[PDB]
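Asks: The structure's right below; bear with me while I get my questions together.
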Amino acid sequence: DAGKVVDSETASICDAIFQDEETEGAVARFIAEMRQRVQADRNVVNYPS
Amino acid sequence: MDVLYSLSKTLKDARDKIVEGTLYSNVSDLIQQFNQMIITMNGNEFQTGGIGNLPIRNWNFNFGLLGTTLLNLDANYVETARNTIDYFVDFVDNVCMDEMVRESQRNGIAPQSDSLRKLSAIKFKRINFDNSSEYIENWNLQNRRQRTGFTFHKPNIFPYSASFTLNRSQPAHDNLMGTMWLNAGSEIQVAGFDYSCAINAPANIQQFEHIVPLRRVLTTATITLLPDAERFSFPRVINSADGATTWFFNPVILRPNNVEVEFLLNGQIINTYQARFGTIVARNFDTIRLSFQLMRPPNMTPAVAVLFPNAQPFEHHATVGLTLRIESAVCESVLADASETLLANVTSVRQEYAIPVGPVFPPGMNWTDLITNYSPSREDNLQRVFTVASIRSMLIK
Amino acid sequence: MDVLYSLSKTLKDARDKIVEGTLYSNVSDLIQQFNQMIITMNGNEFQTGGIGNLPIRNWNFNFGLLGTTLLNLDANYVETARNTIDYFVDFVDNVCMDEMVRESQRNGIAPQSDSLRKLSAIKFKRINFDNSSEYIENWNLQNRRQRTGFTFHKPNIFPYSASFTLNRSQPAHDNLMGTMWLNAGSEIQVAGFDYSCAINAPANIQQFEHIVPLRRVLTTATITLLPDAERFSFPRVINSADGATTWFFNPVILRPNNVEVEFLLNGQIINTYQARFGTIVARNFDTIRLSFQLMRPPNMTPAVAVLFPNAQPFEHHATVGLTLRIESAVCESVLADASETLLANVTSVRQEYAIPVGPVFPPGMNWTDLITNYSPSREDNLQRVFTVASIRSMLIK
Ligand SMILES: [Zn+2]
């Protein structure tokens, strides 16, 4: 869903865990589905980390 | 409690939806939930039983996950899943039985079994799934202090009570006025009788009242009110008040007069039905008040006149009656009805495993005694045991 | 309710701790709390009153924050703080009075005033502060469905009842056996009398029993038991059971014999004391059964033997009494006691503003009736009004 994460370290860690074979299917699907939320009307942003 | 319910629910969904030939998309989310349950449970030891004759059993979890790839599930997949599901079902069964067989005076709402106390830990919260059953919904609502509600068909709200009251009496018991009643389950049958047929009463009318206070408030109750009590319409030989002797009762039934049924809450007349029979509704009430009268007929044909003399010998005794059934109702507290099997399940487990009489429930889970003294502690323990029993019934037939 | 309590608590802390000269390290955190309260309440409009004669008042909140750059706060700081404290205290006062003067048959725990409904919004939750008071503690506990406990100094648990039972009587009322009792607040005072002094009773012993059922389960109660009932030990002229006549009671007091005071919980005997007086402990009970006996003195000096003849005329009537006082106790539900003033505050507000009688509480908050019929809805509304009354008393006398 064209998601974003809060730091380059976070992105790299997510890539590593997504690729590794010992990850839970739930964790993999969550790393794939996790989304940020940018509310300009309220001047707020939430990012996964 | 919610964790135990969620284990039962995910196991039921696994035994139902995980079937041969089903699409992977039908069970993707269910398999996610199933693997969550397995991962959470693995590495834990549980101990169940040890009370009465319920055996002590130990449960150890090291199971493999389910890897769904086949486009349509095949026999191998179903067999592998059933291996895990059977063990988990046995575990849930034992946990539910061990929780049902226990009780406490203080903190009766909280888990009593050590297995359920352990399942209350924070780490098992990951299995919660969805709380859709009526009892679990009401459990959560009560825990948050929201107005709950249980819908009962023929609620067992009246403690069994078959009795009589003589307002006029004498040792001969040959000239009596009074009332007789049976309160049982969801039925009230009352009958006022007068041997003189109100010949000497003021206005040739005898008044009768029957007040029944319910141990809990019932709401949106559908009631059937019929104008005669069949249970007190035949000859009887009844023991005296003190059991010294017996007296003979030979009724002849007249229509009840000036019938008024009042459903009251906090001493206020919430509903009042005057001379109306059939199906009525009581929206909210904690006490029922039946009022009726025996009116001596002002005109009598010779056959009727022969029955009601003015001298002492009263071979036939005038009687009026009312029957009142609560076909359905709603109660905030847990009750026993004629449709649910939760009381039967709890009592059956206790009887089968010979659980010693505890400090809260009466011996044998006697419903009459329980409802006669339905204390708050008894209500808490009963709600807990009923909720876990309904959890158990999702997997045990 | 928690937000209302927190507004009152922060206002009390501000009015106690913001005094000229005090170091700012003594009020740093309090000023943070006060500024957050101001920020949250700012830009809000509330309306209070409009029930009975309670004035309709409007509250607009627009206040500047309190300063933070000061070592020892001075007269300017105190003045600027007190100007705001006065307005906030008045607002809390009116919100509490509005809450107290309202009741609801359904959801008596839910806020009734629209001001408190507003404060229930999640925006105001930031002002929660610390819920350290007993009543707010119990409010939170019962919201979570946890055990609640209120400690009372001689709780008002017995509904007022001054009455007498005549187990033996006749129209002349010159040969009477039975009991008199006064239950009131925390004192039971019972006295069994026999005009014949058990002359014709088996073993020359007359048995008296007195069962007092409480509406709520008391725990860890200290009870003073004394062997005489000073209230029923002087000559009386009592009107008959049906008010037709009056009968004379001329008592002479004997020691009660085979005294047994037992405290029962759902019919089971939790505590029992045999012929023991002074201070005793009832750990958990909801009924009190007092059994005692008039034993005709086996040996009598002539001045006593004259008093009790064999024939009918019984000038003096043997009487044996007990007095029981619950000095202190703990109850799950809310009650009125000697020390607290919550019942008084609620009744005072209702009387002062001429609040029409609602559906739940009896007229004038009659405690006798309120405790005689202590329904669940009444308990919910009473707990709500008592909690808000304590919140109010935290600021107003
Ligand atoms: Zn049916």
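Asks: Residue check: is B:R231 within 14 Å of chain C (Cβ to nearest Cβ) and out of contact with any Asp or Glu (no Cβ under 8 Å at 6 or more places or on another chain)?
Replies: Answer is no for this residue.
Asks: Of all residues being touching a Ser or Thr at 6+ places or on another chain (Cβ under 8 Å) and more than 18 Å from C:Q112 (Cβ to Cβ) in the range C:36-57, which is surrounded by the fewest Cβ atoms within 10 Å (Cβ to Cβ)? Just the residue, please.
Replies: Filtering the range C:36-57 for residues that are touching a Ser or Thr at 6+ places or on another chain (Cβ under 8 Å) and more than 18 Å from C:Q112 (Cβ to Cβ), the one surrounded by the fewest Cβ atoms within 10 Å (Cβ to Cβ) comes out as C:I38.
Asks: Take B:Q112 and decide whether it is in a loop (DSSP other than H, G, I, E, B), within 13 Å of another protein chain (Cβ to nearest Cβ) and under 29 Å from the mean Cα position of the chain (by Cα).
Replies: no
Asks: Within the range C:342-351, is there a residue that is in a strand (DSSP E or B) and in contact with a strand residue (DSSP E or B) (Cβ under 7 Å, 6 or more places away or on another chain)?
Replies: Within the range C:342-351, not a single residue is in a strand (DSSP E or B) and in contact with a strand residue (DSSP E or B) (Cβ under 7 Å, 6 or more places away or on another chain).
Asks: While we're on this one: Of all residues in the range C:241-273, which are more than 29 Å from the chain's Cα centre (by Cα) and either closer than 23 Å to C:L218 by Cα or among the β-branched types (V, I, T) (or both)?
Replies: Listed by number, the residues that qualify are C:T245, C:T246, C:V252, C:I253.
Asks: Please verify whether the range B:287-304 includes one or more residues that are in contact with a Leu (Cβ under 6 Å, 6 or more places away or on another chain) and either within 16 Å of the ligand (Cβ to nearest atom) or within 14 Å of chain C (Cβ to nearest Cβ) (or both).
Replies: There is at least one residue in the range B:287-304 that is in contact with a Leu (Cβ under 6 Å, 6 or more places away or on another chain) and either within 16 Å of the ligand (Cβ to nearest atom) or within 14 Å of chain C (Cβ to nearest Cβ) (or both).
Asks: Which residues, taken from the range B:171-196, are assigned to a strand (DSSP E or B) and either within 14 Å of chain C (Cβ to nearest Cβ) or within 16 Å of the ligand (Cβ to nearest atom) (or both)?
Replies: Answer for the range B:171-196, where residues must be assigned to a strand (DSSP E or B) and either within 14 Å of chain C (Cβ to nearest Cβ) or within 16 Å of the ligand (Cβ to nearest atom) (or both): B:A184, B:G185, B:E187.
Asks: Regarding B:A336, is this residue within 16 Å of the ligand (Cβ to nearest atom), of a type outside the set (F, W, Y), in contact with a helix residue (DSSP H, G or I) (Cβ under 6 Å, 6 or more places away or on another chain) and not in a strand (DSSP E or B)?
Replies: yes
Asks: Please find, within the range B:184-208, the residue that is surrounded by the most Cβ atoms within 10 Å (Cβ to Cβ) out of those that are among the small types (G, A, S) and more than 19 Å from B:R236 (Cβ to Cβ).
Replies: Across the range B:184-208, the extreme among qualifying residues is B:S186.
Asks: Then there's this: Please name all residue pairs, on different chains or six or more residues apart, with Cβ atoms under 6 Å, provided the first residue is in the range B:324-337 and is in contact (Cβ under 8 Å) with a residue 60 or more places away in the chain and more than 14 Å from B:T387 (Cβ to Cβ) and the second residue is of a type in the set (D, E, K, R) and in a loop (DSSP other than H, G, I, E, B).
Replies: Pairs that qualify, where the first residue is in contact (Cβ under 8 Å) with a residue 60 or more places away in the chain and more than 14 Å from B:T387 (Cβ to Cβ) and the partner is of a type in the set (D, E, K, R) and in a loop (DSSP other than H, G, I, E, B), are B:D337/B:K154.
Asks: Restricting attention to the range B:115-129, and to residues there that are among the hydrophobic types (A, V, I, L, M, F, W, C) and within 14 Å of another protein chain (Cβ to nearest Cβ), which single residue is surrounded by the most Cβ atoms within 10 Å (Cβ to Cβ)?
Replies: B:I127
Asks: May I pose another question? Would a scan of the range C:3-16 turn up a residue that is part of a strand (DSSP E or B), in contact with a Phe, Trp or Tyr (Cβ under 7 Å, 6 or more places away or on another chain) and more than 24 Å from C:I109 (Cβ to Cβ)?
Replies: Scanning the range C:3-16, I find no residue that is part of a strand (DSSP E or B), in contact with a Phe, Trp or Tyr (Cβ under 7 Å, 6 or more places away or on another chain) and more than 24 Å from C:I109 (Cβ to Cβ), so the answer is no.
Asks: Additional query: Only one of these is touching a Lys or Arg at 6+ places or on another chain (Cβ under 7 Å) and among the basic types (K, R): B:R145, B:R102. Name it.
Replies: None of the other options fit; the residue is B:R145.
Asks: I'd like to verify a number: residues in the range B:130-170 that are without any contact (Cβ under 8 Å) to a residue 12 or more places away in the chain and either within 16 Å of the ligand (Cβ to nearest atom) or loosely packed, with under 13 Cβ neighbours inside 10 Å (or both), how many?
Replies: The total comes to 3.
Asks: Suppose the filter is away from chain C (no Cβ under 14 Å), part of a loop (DSSP other than H, G, I, E, B) and either more than 26 Å from the chain's Cα centre (by Cα) or not β-branched (V, I, T) (or both); does B:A203 pass it?
Replies: No, not satisfied.
Asks: I'm trying to understand the selection: among the residues of chain A, which are within 14 Å of chain B (Cβ to nearest Cβ) and either at positive phi or not in a helix (DSSP H, G or I) (or both)?
Replies: Once the filter is applied, which keeps residues that are within 14 Å of chain B (Cβ to nearest Cβ) and either at positive phi or not in a helix (DSSP H, G or I) (or both), chain A yields A:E21, A:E22, A:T23, A:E24.
Asks: Across the range C:223-245, what is the total count of residues that are over 19 Å from C:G278 (Cβ atoms) and touching a residue at least 40 places away in the same chain (Cβ under 8 Å)?
Replies: So the answer is 7.
Asks: Next question, about the same structure. Any idea which of B:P298, B:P359, B:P302 is without any contact (Cβ under 8 Å) to a residue 40 or more places away in the chain and either surrounded by 20 or more Cβ atoms within 10 Å (Cβ to Cβ) or not small (G, A, S) (or both)?
Replies: One residue alone meets the criteria, B:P302.
Asks: Which condition breaks for B:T68 when tested against (1) away from every other protein chain (no Cβ under 14 Å); (2) surrounded by 14 or more Cβ atoms within 10 Å (Cβ to Cβ); (3) among the β-branched types (V, I, T)?
Replies: B:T68 satisfies all of (1) away from every other protein chain (no Cβ under 14 Å); (2) surrounded by 14 or more Cβ atoms within 10 Å (Cβ to Cβ); (3) among the β-branched types (V, I, T) except (1).
Asks: Answer yes if at least one residue in the range B:308-320 is without any contact (Cβ under 8 Å) to a residue 60 or more places away in the chain and within 30 Å of B:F150 (Cβ to Cβ), and no otherwise.
Replies: no
Asks: Of B:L382, B:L342, B:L370, which residue is within 14 Å of chain C (Cβ to nearest Cβ), within 25 Å of B:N53 (Cβ to Cβ) and in contact with a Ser or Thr (Cβ under 9 Å, 6 or more places away or on another chain)?
Replies: B:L382
Asks: Checking C:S333 against (1) closer than 30 Å to C:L54 by Cα; (2) within 14 Å of chain B (Cβ to nearest Cβ); (3) in contact with a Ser or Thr (Cβ under 7 Å, 6 or more places away or on another chain); (4) not aliphatic (A, V, I, L, M), which test does it fail?
Replies: Unmet condition: (3).
FYI the Cβ positions are ideal-geometry reconstructions off the backbone, even for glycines, and counts take in every protein chain you see. Read-outs: derived from the displayed coordinates by stated rules, not from any lab.
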